[PDB]
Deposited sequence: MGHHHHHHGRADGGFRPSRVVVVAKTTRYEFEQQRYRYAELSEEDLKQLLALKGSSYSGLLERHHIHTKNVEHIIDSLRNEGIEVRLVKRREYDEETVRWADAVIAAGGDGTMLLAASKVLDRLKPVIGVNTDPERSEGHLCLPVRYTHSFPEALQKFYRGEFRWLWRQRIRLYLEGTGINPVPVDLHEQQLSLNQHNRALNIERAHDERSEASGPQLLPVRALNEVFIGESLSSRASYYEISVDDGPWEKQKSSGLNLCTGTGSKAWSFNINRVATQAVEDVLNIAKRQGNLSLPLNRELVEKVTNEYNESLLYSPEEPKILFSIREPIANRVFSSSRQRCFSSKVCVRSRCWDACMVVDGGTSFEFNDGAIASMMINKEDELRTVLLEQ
């Protein structure tokens, strides 16, 4: 069983708090969105204090490493974005990090406790107390940086030198690309210490098993129409039998897309070349594959390495990044029944 005496709760900033800091696309829904989150944060904190747990409630600007150190456990109160924020400042594989979905009608909360615990949190505490749960260590990617002209200083997106460790780990993915959305990205890639291979594309995505359902899923999943087309082509071009139906096309589609998801516990990186350009002057290889190690040498003008959509690093011509998975970067999370 597991009973912290000391807990920091990191709560997301709501849209309403943002504007506080009408037209027609806000206010009415926004204030109700704010009341729901606040009602649920209060339920979490009241429930913790009723178990005798000391609690510090902070917003993003006050969530710091000192407070993580003070705490026995971190609770992210918001959505998956709030889990990523919480994980960004936890580097100890023994420190539990737990997510509570505070607006389940608008937050997916895939990294969070099942939705029932949002308004039944004492039930979650008791399940923890009795050990009716399992530890889940989610693998994360660490980033090294070397080369010429490099700038290793992290930028917080929510407002010749040897390899040095960058101060965040990726729980979802590392995205590498030019800052301008229409500017093709140019680099060289070494996978598992293999040969260097020039790529031109709209960026690279390097995700964990946790991240396999996030950005990586939407880069790689095929539409049920595309599957329907591919199958119809296979009839014309060789009468590949079968009866294609509504049911079958969805099925085969779903089987393909599940192949893109893998276990959060497996220490492997799924890397995807995002929208590669082939034609007669460039040539690309595989679109995606698993690996333990990816090294990227920047050839970019004004590009960034973005960790979990939250922390950005400069990555221009001369910079060399290496990504791997290290056991000491595992993020300690919990699994409850729903």
(message) Checking coverage: what stretches of the deposited chain sequence are missing C-alpha positions?
(response) 1-13, 35-51, 190-212
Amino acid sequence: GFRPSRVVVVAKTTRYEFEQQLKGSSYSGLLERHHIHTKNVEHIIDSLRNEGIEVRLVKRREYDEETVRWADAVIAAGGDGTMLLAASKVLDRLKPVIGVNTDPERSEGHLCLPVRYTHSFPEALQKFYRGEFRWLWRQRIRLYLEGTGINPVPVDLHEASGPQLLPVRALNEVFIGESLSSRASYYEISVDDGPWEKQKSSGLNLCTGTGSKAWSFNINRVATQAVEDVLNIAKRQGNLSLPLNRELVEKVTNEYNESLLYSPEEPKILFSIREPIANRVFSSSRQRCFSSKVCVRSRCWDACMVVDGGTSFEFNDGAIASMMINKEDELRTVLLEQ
From here on, numbers count along this sequence of modelled residues.
(message) Is it the case that at least a third of the other compared entries omit residue 279, given both of its neighbours are modelled there?
(response) yes
(request) Tell whether, across the other compared PDB entries, at least a third have no coordinates for residue 24. (result) yes
(message) Averaging CA B factors per stretch from the PDB record, which one is higher: 256-264 or 174-182?
(response) 256-264
(message) Please compare 247-255 with 117-125 and name the stretch with the higher mean C-alpha B-factor in the deposited structure.
(response) 247-255
(request) Specify which of 297, 60, 56, 33 carries the largest Cα B factor in the deposited PDB entry. (result) 33
(request) In terms of CA temperature factor as recorded, identify the highest of 80, 92, 193, 156. (result) 193
(request) Pull the Cα B-factor of residue 161 out of the PDB entry and bin it into the chain's lowest, middle or highest third. (result) highest
(request) Check where residue 39 lands among this chain's C-alpha B-factors and tell me if it's the lowest, middle or highest third. (result) lowest
(message) Ranking the modelled residues of this chain by C-alpha B-factor as given in the entry, is residue 210 in the lowest, middle or highest third?
(response) lowest
(request) Pull the Cα B-factor of residue 283 out of the PDB entry and bin it into the chain's lowest, middle or highest third. (result) highest
(request) Could you say whether, by C-alpha temperature factor, residue 329 belongs to the lowest, middle or highest third of its chain? (result) lowest
